[PDB]
Structures are given as structure tokens and as C-alpha cells.
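The file start.txt contains compact mmCIF, C-alpha atoms:
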```
# COMPACT_ATOMS: atom_id res chain seq x y z
CA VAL A 2 35.59 32.44 2.99
CA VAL A 3 37.30 29.17 2.23
CA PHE A 4 35.08 26.11 2.76
CA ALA A 5 37.64 21.33 3.73
CA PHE A 6 41.17 19.98 3.34
CA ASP O 1 15.28 12.90 -13.14
CA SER O 2 17.13 16.01 -12.17
CA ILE O 3 16.63 18.43 -9.37
CA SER O 4 17.10 22.14 -9.93
CA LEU O 5 17.82 24.16 -6.82
CA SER O 6 18.13 27.91 -6.71
CA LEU O 7 21.41 29.40 -5.56
CA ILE O 8 21.14 32.63 -3.62
CA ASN O 9 24.07 34.95 -4.30
CA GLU O 10 24.81 36.14 -0.73
CA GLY O 11 28.02 37.91 -1.63
CA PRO O 12 30.84 35.76 -0.33
CA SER O 13 28.85 32.53 -0.66
CA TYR O 14 26.00 30.90 -2.53
CA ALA O 15 23.24 29.27 -0.52
CA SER O 16 20.06 27.31 -1.00
CA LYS O 17 16.90 26.58 0.92
CA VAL O 18 16.95 22.99 2.17
CA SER O 19 14.21 21.63 4.42
CA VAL O 20 15.14 19.26 7.21
CA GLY O 21 13.00 17.01 9.38
CA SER O 22 9.45 15.70 9.46
CA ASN O 23 8.24 19.31 9.85
CA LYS O 24 10.32 20.62 6.93
CA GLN O 25 12.36 23.17 8.84
CA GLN O 26 13.82 25.50 6.24
CA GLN O 27 17.57 25.99 6.42
CA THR O 28 19.40 28.41 4.17
CA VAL O 29 22.77 26.75 3.71
CA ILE O 30 25.92 27.25 1.68
CA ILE O 31 26.29 25.00 -1.33
CA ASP O 32 29.84 23.75 -1.00
CA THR O 33 31.62 21.56 -3.58
CA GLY O 34 34.73 21.90 -1.38
CA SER O 35 33.36 19.94 1.59
CA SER O 36 31.26 16.81 1.96
CA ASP O 37 29.16 17.11 5.11
CA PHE O 38 25.76 18.71 5.60
CA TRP O 39 25.44 20.46 8.91
CA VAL O 40 22.71 22.70 10.27
CA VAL O 41 22.66 25.33 12.97
CA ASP O 42 20.86 24.04 16.01
CA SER O 43 18.25 26.45 17.35
CA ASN O 44 20.15 26.36 20.68
CA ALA O 45 23.57 26.76 19.14
CA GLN O 46 26.14 28.93 20.80
CA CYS O 47 27.46 31.00 17.95
CA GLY O 48 31.07 32.10 18.06
CA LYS O 49 31.65 35.47 19.59
CA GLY O 50 30.37 38.18 17.30
CA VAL O 51 28.77 35.60 14.96
CA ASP O 52 25.12 35.82 13.96
CA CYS O 53 24.68 32.13 13.13
CA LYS O 54 20.86 31.94 13.39
CA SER O 55 19.48 34.39 10.84
CA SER O 56 19.60 31.87 7.99
CA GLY O 57 17.32 29.27 9.60
CA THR O 58 17.88 26.95 12.48
CA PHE O 59 17.07 23.33 13.16
CA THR O 60 15.26 21.99 16.20
CA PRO O 61 15.80 18.22 16.21
CA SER O 62 13.15 17.71 18.88
CA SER O 63 10.31 19.01 16.69
CA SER O 64 11.21 16.51 13.95
CA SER O 65 9.63 13.14 14.64
CA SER O 66 12.11 11.48 12.32
CA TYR O 67 15.36 12.74 13.78
CA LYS O 68 17.76 10.05 15.03
CA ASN O 69 20.97 10.67 17.00
CA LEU O 70 24.00 8.66 15.96
CA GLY O 71 25.86 9.30 19.24
CA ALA O 72 29.09 10.58 17.69
CA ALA O 73 30.68 13.98 17.89
CA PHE O 74 31.16 16.08 14.78
CA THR O 75 33.95 18.54 14.33
CA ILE O 76 34.94 20.28 11.11
CA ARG O 77 37.58 22.86 10.39
CA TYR O 78 37.59 24.59 7.03
CA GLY O 79 40.54 25.96 5.11
CA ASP O 80 40.16 29.51 6.53
CA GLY O 81 40.05 28.13 10.11
CA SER O 82 36.26 28.40 10.43
CA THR O 83 34.89 25.66 12.67
CA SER O 84 31.72 23.89 13.62
CA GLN O 85 31.08 21.32 16.31
CA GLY O 86 28.06 19.24 17.17
CA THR O 87 26.82 15.68 16.89
CA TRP O 88 25.85 13.42 14.07
CA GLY O 89 22.24 12.48 13.34
CA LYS O 90 19.92 11.44 10.55
CA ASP O 91 16.77 12.99 9.25
CA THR O 92 14.74 13.68 6.14
CA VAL O 93 16.21 16.25 3.78
CA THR O 94 14.05 17.92 1.18
CA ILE O 95 15.51 19.79 -1.82
CA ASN O 96 13.01 21.60 -4.04
CA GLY O 97 10.24 19.18 -3.06
CA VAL O 98 12.29 15.98 -3.39
CA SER O 99 12.81 14.18 -0.06
CA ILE O 100 15.49 11.74 0.95
CA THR O 101 15.04 9.82 4.17
CA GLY O 102 17.60 8.91 6.81
CA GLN O 103 20.23 11.34 5.56
CA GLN O 104 23.21 11.70 7.90
CA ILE O 105 23.73 15.33 8.89
CA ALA O 106 25.35 17.15 11.81
CA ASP O 107 23.39 19.10 14.40
CA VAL O 108 25.83 21.90 15.14
CA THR O 109 25.77 23.57 18.56
CA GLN O 110 28.86 25.79 18.18
CA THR O 111 30.11 27.48 15.06
CA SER O 112 32.07 30.42 13.78
CA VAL O 113 30.16 30.24 10.44
CA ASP O 114 27.06 32.44 9.76
CA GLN O 115 24.89 29.60 8.49
CA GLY O 116 24.92 25.89 7.85
CA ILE O 117 26.77 24.25 4.96
CA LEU O 118 25.62 21.62 2.51
CA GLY O 119 28.85 19.88 1.47
CA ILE O 120 28.35 17.92 -1.74
CA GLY O 121 31.89 16.70 -2.51
CA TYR O 122 33.31 13.22 -2.40
CA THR O 123 32.40 11.04 0.59
CA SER O 124 36.13 10.37 0.99
CA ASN O 125 36.55 13.98 2.15
CA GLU O 126 34.00 13.83 4.97
CA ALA O 127 35.08 15.38 8.27
CA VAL O 128 34.91 12.20 10.35
CA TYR O 129 37.63 13.05 12.87
CA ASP O 130 38.19 14.97 16.07
CA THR O 131 40.58 17.89 16.21
CA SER O 132 43.55 15.50 16.78
CA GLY O 133 42.83 13.41 13.64
CA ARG O 134 41.21 10.55 15.62
CA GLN O 135 38.22 9.12 13.78
CA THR O 136 34.84 9.51 15.48
CA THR O 137 32.51 8.05 12.84
CA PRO O 138 32.73 6.02 9.61
CA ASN O 139 32.57 7.53 6.18
CA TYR O 140 28.94 7.55 5.12
CA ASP O 141 26.56 8.41 2.27
CA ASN O 142 26.38 12.21 1.92
CA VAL O 143 23.60 14.03 0.17
CA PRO O 144 24.49 13.34 -3.50
CA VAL O 145 25.09 9.65 -2.81
CA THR O 146 21.72 9.34 -1.06
CA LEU O 147 19.93 11.16 -3.88
CA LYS O 148 21.25 8.49 -6.23
CA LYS O 149 20.61 5.57 -3.90
CA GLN O 150 17.00 6.60 -3.30
CA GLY O 151 16.35 6.94 -7.03
CA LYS O 152 16.11 10.74 -7.19
CA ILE O 153 18.96 11.11 -9.66
CA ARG O 154 20.61 8.56 -11.91
CA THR O 155 24.24 9.59 -11.46
CA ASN O 156 26.07 11.33 -8.61
CA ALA O 157 26.55 14.47 -10.64
CA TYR O 158 25.55 18.09 -10.49
CA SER O 159 25.82 21.17 -12.66
CA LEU O 160 26.87 24.49 -11.21
CA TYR O 161 25.66 27.81 -12.61
CA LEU O 162 26.59 30.56 -10.17
CA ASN O 163 25.41 33.09 -12.77
CA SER O 164 26.85 36.54 -13.37
CA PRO O 165 28.45 38.79 -10.75
CA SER O 166 25.31 40.96 -10.63
CA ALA O 167 22.83 38.06 -10.57
CA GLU O 168 20.79 37.56 -7.50
CA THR O 169 20.35 33.85 -8.12
CA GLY O 170 21.94 30.96 -9.93
CA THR O 171 21.12 27.24 -10.14
CA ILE O 172 22.64 23.96 -9.13
CA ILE O 173 21.11 20.94 -10.87
CA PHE O 174 21.52 17.56 -9.21
CA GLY O 175 21.53 14.80 -11.81
CA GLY O 176 21.25 17.10 -14.80
CA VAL O 177 22.90 19.62 -17.07
CA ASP O 178 21.52 22.76 -18.68
CA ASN O 179 22.90 22.79 -22.22
CA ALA O 180 21.66 26.32 -22.89
CA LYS O 181 24.06 27.96 -20.40
CA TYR O 182 27.45 27.69 -22.07
CA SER O 183 29.19 28.40 -25.33
CA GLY O 184 31.21 25.85 -27.21
CA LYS O 185 31.29 22.30 -25.96
CA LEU O 186 31.51 21.04 -22.42
CA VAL O 187 34.99 19.58 -22.12
CA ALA O 188 35.28 16.65 -19.71
CA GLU O 189 38.33 16.94 -17.50
CA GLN O 190 39.58 14.11 -15.34
CA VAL O 191 39.44 14.79 -11.61
CA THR O 192 43.01 14.60 -10.27
CA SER O 193 42.20 13.68 -6.65
CA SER O 194 39.98 11.01 -5.15
CA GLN O 195 39.10 13.33 -2.28
CA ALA O 196 38.86 16.80 -3.85
CA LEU O 197 37.09 18.05 -6.99
CA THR O 198 40.32 19.21 -8.64
CA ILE O 199 41.30 19.35 -12.31
CA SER O 200 44.64 20.07 -13.87
CA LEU O 201 45.27 23.79 -14.54
CA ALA O 202 47.99 24.09 -17.18
CA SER O 203 48.57 27.84 -17.17
CA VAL O 204 47.18 31.24 -16.28
CA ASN O 205 47.49 34.21 -18.65
CA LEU O 206 47.48 37.41 -16.61
CA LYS O 207 48.09 40.87 -18.11
CA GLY O 208 48.78 39.10 -21.37
CA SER O 209 51.58 36.86 -20.15
CA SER O 210 51.38 33.14 -19.53
CA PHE O 211 52.40 31.67 -16.18
CA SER O 212 52.93 27.94 -16.26
CA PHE O 213 51.17 25.98 -13.56
CA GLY O 214 50.51 22.28 -14.29
CA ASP O 215 48.98 21.24 -10.98
CA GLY O 216 45.47 20.59 -9.70
CA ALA O 217 42.98 23.31 -8.87
CA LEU O 218 39.97 22.78 -6.61
CA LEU O 219 36.74 23.96 -8.19
CA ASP O 220 35.17 25.16 -4.94
CA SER O 221 31.78 26.83 -4.87
CA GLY O 222 32.38 27.45 -1.17
CA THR O 223 35.47 29.67 -1.62
CA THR O 224 34.96 33.34 -2.39
CA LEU O 225 38.24 34.14 -4.09
CA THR O 226 41.07 32.30 -5.85
CA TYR O 227 44.08 30.74 -4.04
CA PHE O 228 47.47 29.74 -5.43
CA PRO O 229 50.73 28.44 -3.95
CA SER O 230 52.68 31.30 -2.43
CA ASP O 231 55.47 31.48 -5.00
CA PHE O 232 53.05 31.38 -7.93
CA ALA O 233 50.67 33.88 -6.36
CA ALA O 234 53.67 36.17 -5.81
CA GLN O 235 54.64 36.03 -9.48
CA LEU O 236 51.06 36.84 -10.46
CA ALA O 237 50.92 39.60 -7.83
CA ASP O 238 54.02 41.28 -9.16
CA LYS O 239 52.48 41.32 -12.62
CA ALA O 240 49.08 42.46 -11.39
CA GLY O 241 50.38 45.14 -9.04
CA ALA O 242 49.07 43.48 -5.89
CA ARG O 243 50.91 43.87 -2.57
CA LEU O 244 51.13 41.40 0.31
CA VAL O 245 50.09 43.20 3.48
CA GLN O 246 50.65 41.85 7.00
CA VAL O 247 47.23 42.84 8.29
CA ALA O 248 48.01 41.51 11.78
CA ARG O 249 50.95 39.59 13.15
CA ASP O 250 51.63 36.60 10.87
CA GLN O 251 48.41 37.26 8.91
CA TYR O 252 48.86 38.25 5.29
CA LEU O 253 46.55 39.25 2.45
CA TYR O 254 47.13 40.65 -1.01
CA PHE O 255 45.64 44.08 -1.53
CA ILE O 256 45.40 45.90 -4.84
CA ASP O 257 44.66 49.54 -5.56
CA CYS O 258 40.90 49.94 -5.93
CA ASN O 259 41.59 52.12 -8.99
CA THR O 260 43.62 49.37 -10.72
CA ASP O 261 42.93 48.83 -14.42
CA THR O 262 40.47 45.95 -14.68
CA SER O 263 39.77 46.26 -18.37
CA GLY O 264 41.66 43.06 -19.18
CA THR O 265 40.90 39.43 -18.46
CA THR O 266 42.62 36.53 -16.73
CA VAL O 267 42.61 33.29 -18.68
CA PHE O 268 42.75 29.77 -17.28
CA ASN O 269 43.91 26.95 -19.53
CA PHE O 270 42.85 23.41 -18.70
CA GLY O 271 43.13 20.02 -20.41
CA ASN O 272 41.71 19.04 -23.72
CA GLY O 273 41.58 22.56 -25.14
CA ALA O 274 39.37 24.04 -22.43
CA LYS O 275 39.79 27.69 -21.52
CA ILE O 276 37.87 29.89 -19.08
CA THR O 277 38.20 33.67 -19.32
CA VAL O 278 37.50 35.79 -16.26
CA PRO O 279 36.94 39.60 -16.37
CA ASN O 280 39.51 41.42 -14.28
CA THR O 281 36.95 43.11 -12.10
CA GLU O 282 36.71 39.71 -10.38
CA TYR O 283 40.15 40.36 -8.91
CA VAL O 284 39.36 43.68 -7.18
CA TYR O 285 37.29 42.97 -4.12
CA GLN O 286 35.92 46.03 -2.41
CA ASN O 287 36.28 45.93 1.38
CA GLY O 288 33.88 48.90 1.63
CA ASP O 289 36.39 51.19 3.31
CA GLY O 290 38.33 52.42 0.31
CA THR O 291 40.69 49.42 0.27
CA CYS O 292 40.43 46.36 -1.96
CA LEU O 293 41.65 42.83 -1.66
CA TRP O 294 43.16 41.21 -4.64
CA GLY O 295 41.05 38.32 -5.89
CA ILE O 296 44.03 35.99 -5.70
CA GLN O 297 45.50 35.01 -2.32
CA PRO O 298 48.30 32.70 -1.24
CA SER O 299 47.70 29.20 0.06
CA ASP O 300 49.16 25.74 0.38
CA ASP O 301 45.89 24.58 -1.36
CA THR O 302 45.09 25.74 -5.00
CA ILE O 303 41.47 26.85 -5.25
CA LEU O 304 39.37 28.38 -8.00
CA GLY O 305 36.47 29.86 -6.08
CA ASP O 306 33.43 31.89 -6.95
CA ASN O 307 35.32 34.68 -8.70
CA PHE O 308 36.39 32.07 -11.20
CA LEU O 309 33.35 29.80 -11.18
CA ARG O 310 30.89 32.53 -12.08
CA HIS O 311 32.50 32.44 -15.54
CA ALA O 312 32.20 28.72 -16.16
CA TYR O 313 29.41 26.19 -16.56
CA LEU O 314 30.49 23.03 -14.75
CA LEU O 315 29.11 19.54 -14.71
CA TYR O 316 30.68 17.65 -11.78
CA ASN O 317 30.39 13.90 -12.15
CA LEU O 318 31.48 12.15 -8.98
CA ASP O 319 30.78 8.70 -10.46
CA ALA O 320 32.81 9.26 -13.65
CA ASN O 321 35.39 11.35 -11.79
CA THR O 322 35.19 14.08 -14.35
CA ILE O 323 34.30 17.75 -14.26
CA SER O 324 33.12 19.11 -17.61
CA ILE O 325 33.62 22.81 -18.19
CA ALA O 326 32.79 25.47 -20.73
CA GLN O 327 32.69 29.24 -20.86
CA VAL O 328 29.40 30.30 -19.30
CA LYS O 329 26.56 31.83 -21.26
CA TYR O 330 24.23 33.83 -19.05
CA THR O 331 20.66 33.07 -20.12
CA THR O 332 17.34 32.26 -18.58
CA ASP O 333 16.77 29.83 -21.44
CA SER O 334 17.11 26.23 -20.33
CA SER O 335 17.61 22.90 -21.98
CA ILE O 336 18.02 20.58 -19.02
CA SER O 337 18.79 16.92 -19.67
CA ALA O 338 19.35 14.21 -17.05
CA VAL O 339 22.78 12.92 -16.28
```

For this file, write the structure as C-alpha cells.
Amino acid sequence: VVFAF
Amino acid sequence: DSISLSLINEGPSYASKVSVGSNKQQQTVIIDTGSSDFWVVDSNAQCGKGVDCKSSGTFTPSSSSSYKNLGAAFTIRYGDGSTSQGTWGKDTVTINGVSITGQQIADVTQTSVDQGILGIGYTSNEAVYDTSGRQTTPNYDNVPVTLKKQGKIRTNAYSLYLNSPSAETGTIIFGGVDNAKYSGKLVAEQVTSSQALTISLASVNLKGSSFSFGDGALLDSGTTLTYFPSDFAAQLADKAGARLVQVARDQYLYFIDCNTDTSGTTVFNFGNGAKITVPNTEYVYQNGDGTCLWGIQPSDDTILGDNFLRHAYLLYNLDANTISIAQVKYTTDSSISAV
């Protein structure tokens, strides 16, 4: 997973 | 005054028990230095298709006497495209027995994520917009800010100890640092963004060769793997033996042979003499079907996730805008001092 841009 | 909170190693993520509401409804939520909002799964949420979003606790606002609606919509989209939507509210949040009142959180009623997320990054990175970039709510005090404001910690700071790859639990300490859990000295690195907890990464040594970088890297507890700009990831991939596979139309991932030699290490050089060494087994991720992802993937955002962070002790200081790092020492010994 890849949590904020 | 520091607050130690156990991190559950779930596999792809690290989570903690956080109680919400007057009735202390236990949520098990991802601890995320890469986002800044705390959202919980509503008990009546409509999970995304195929998503089991309620097995890690749910929140029922109506059984909390202290819950207040703010009357604004919440929408967040994470770097992998995961999304949550709901509404903003405020309630009591309790972390290892320490309660903060009136904390702004989102009550999420639709999500593609398996559990709620406790974002602890900079308030400037809060997801305060709709999907078009139109603002729906002001920036606000997120959990670490409120812990400081209510006198629970002195400084908006926290130490991250994900612990070893085989560990079942690690620790995050709000407002403190455990000086037993690293070798050498903690080296303070300036944070290179006012929105993201990024420090300058000078170089990566992979398979013995240095690859010059020089740009910021996000130290993200909420990312599983490591992400580099496409051209740089491709140079590393060529050296490592990883292969970019189009797994579905316009969807690409690096795979690596599951039998690849992982005896070596990958070394990350930062400012002020700091170095973190990562065992190469962190770059072979078993999919469970005889194939393996590489632990580096391409992105337009540079991220050092859990496969890196397990090997560092980090003290994030959001007031000083520094992240202090040292090679981790795995020990149950503790020497916790307040920050």
C-alpha cells in the first residue's frame, strides 16, 4: 500500500 | 510526558488500537506518517467491492455522547489510488489511556481501505478538498497537534520503531524517544518539505555500486515498499535484476526472481554522515504464488516505506522540522526520555 500527496 | 503506543505488524501496514468516543470504541488503525487525517470506519460503512473494511473495529457515532458533526464532506485519495469518503466530526480520542477531547476526525462511510488510518503528518497535508481540488473544510489541528495543545506531550514529535521484519509488534512514542533502540548517534536531518516528512537522500549503494540521488525521500510508515522516480528505479532495477512487468493494461510493477541473491545490503546515505543499511531480503516480496515483487517500485513520489523504516530508529519532530535517524538496534530494553 501507499498511504497522501 | 510521552505516550508509547504499540504498533501491530499486520504485514503491509502497522496499526494501533485507538479508542474513539465517550464509550471508547476501539479502532485498529494504520499509523501513517505519510498522511495527516484520522478517519474511522463507520459501522454502517459501505466497503468497496471485495473489501472487508469492518474487521479491524468500527465506529458508531450515535453511541458516543460526545460526537459532534462538522457538516463537511471528507474525501481522501492516497498515492496508490485507495480512497475514503465520509464526513468530518469531532470526538474524544484515547491513545494508551491518554484522552484528547474534541479531536477532528472523519466518519468514513465508503472506503477501499481495510481499516481506518491515523495520519500523523503535518497539518498542511490534510485532505481538506473534494475530488476536484475544491476546499471543503479548513486546515485543522490533527492528532499530534492536539496532543501538544492539551498538554499530553511537550513537542509535536514522535519516535518510530517498526521493529524487525519478524517482530509482531513495534512502538511509536508520541513526545518521546527511546535511546536504547539505535546504534551510534541520532543524526538530525532537516525536513525538506513543509507538507511531507521528507529528508534529503544523497545516494543509494546497491550491489556495491553508488547511485547518486540528491532529492527528498518521504519517510512513510504507511507505505509498504520503497518508491523512486522511474528513471532512477530503472537504473537500480537493471543492477538488481528486477524486471518491469505490465501486469494489466497500463499497470506496471517490478518483479524479481524469488531465488535472487539477497545476501547483500542496500545502503542509504543521508545528510550529516547518516547511513541506514537495509538487508536485501527486504527487496524480495513474496506474493505467495511463486512470484515476488521487487521491494523498489517506480513513482513520481520518492518514498522510503516500511521495508526501509524497519532498519532505522526515527525521531520525527514536526515543530523543529527535523527527522533524526540512526541504524536501529532491536532490543526490548528501553530508555525513554521526553521530547

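Take atom CA of residue O:36 and atom CA of residue O:124: the distance between them is 8.1 Å.
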
Can you tell me, as a PDB file with C-alpha atoms, in the frame of the given file, what residues are no more than 12 Å from residue O:290 when counting only C-alpha atoms, ignoring any on the same chain fewer than 3 positions away?
```pdb
ATOM      1  CA  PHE O 255      45.640  44.080  -1.530  1.00  0.00           C
ATOM      2  CA  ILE O 256      45.400  45.900  -4.840  1.00  0.00           C
ATOM      3  CA  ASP O 257      44.660  49.540  -5.560  1.00  0.00           C
ATOM      4  CA  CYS O 258      40.900  49.940  -5.930  1.00  0.00           C
ATOM      5  CA  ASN O 259      41.590  52.120  -8.990  1.00  0.00           C
ATOM      6  CA  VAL O 284      39.360  43.680  -7.180  1.00  0.00           C
ATOM      7  CA  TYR O 285      37.290  42.970  -4.120  1.00  0.00           C
ATOM      8  CA  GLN O 286      35.920  46.030  -2.410  1.00  0.00           C
ATOM      9  CA  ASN O 287      36.280  45.930   1.380  1.00  0.00           C
ATOM     10  CA  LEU O 293      41.650  42.830  -1.660  1.00  0.00           C
TER      11      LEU O 293
END
```

Using all atoms listed in the file, which of O:49, O:134, O:17, O:54 sits nearest residue O:74?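 Of O:49, O:134, O:17, O:54, the one nearest residue O:74, counting all atoms listed in the file, is O:134.
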
Shell around stretch 146-155 of chain O at 7 Å using only C-alpha atoms, local window under 6 positions removed, as JSON, numbers by chain: {"O": [1, 2, 100, 174, 175, 319, 339]}

Proximity to chain A - best of O:14, O:252, O:161, O:59, only C-alpha atoms: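 Between O:14, O:252, O:161, O:59, the residue approaching chain A most closely is O:14.
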
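Across the model, the gap from atom CA of residue O:11 to atom CA of residue O:245 is 23.3 Å.
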
Output chain A from the block with N, CA, C and O atoms, as a CSV table (one decimal), in the first residue's frame?
```
chain,number,residue,atom,x,y,z
A,2,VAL,N,0.9,-1.2,0.0
A,2,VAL,CA,0.0,0.0,0.0
A,2,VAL,C,0.9,1.2,0.0
A,2,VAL,O,2.0,1.2,0.3
A,3,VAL,N,0.3,2.4,-0.3
A,3,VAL,CA,0.9,3.6,-0.4
A,3,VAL,C,0.0,4.7,0.1
A,3,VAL,O,-0.9,5.2,-0.6
A,4,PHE,N,0.2,5.0,1.5
A,4,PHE,CA,-0.7,5.9,2.2
A,4,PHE,C,-0.3,9.0,1.1
A,4,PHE,O,-1.0,8.5,0.1
A,5,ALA,N,-0.3,10.2,1.4
A,5,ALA,CA,-1.2,11.2,0.8
A,5,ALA,C,-0.3,12.3,0.2
A,5,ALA,O,0.7,12.7,0.8
A,6,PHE,N,-0.6,12.6,-1.1
A,6,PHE,CA,0.2,13.5,-1.9
A,6,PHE,C,-2.6,15.6,-3.5
A,6,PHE,O,-2.9,16.3,-2.3
```
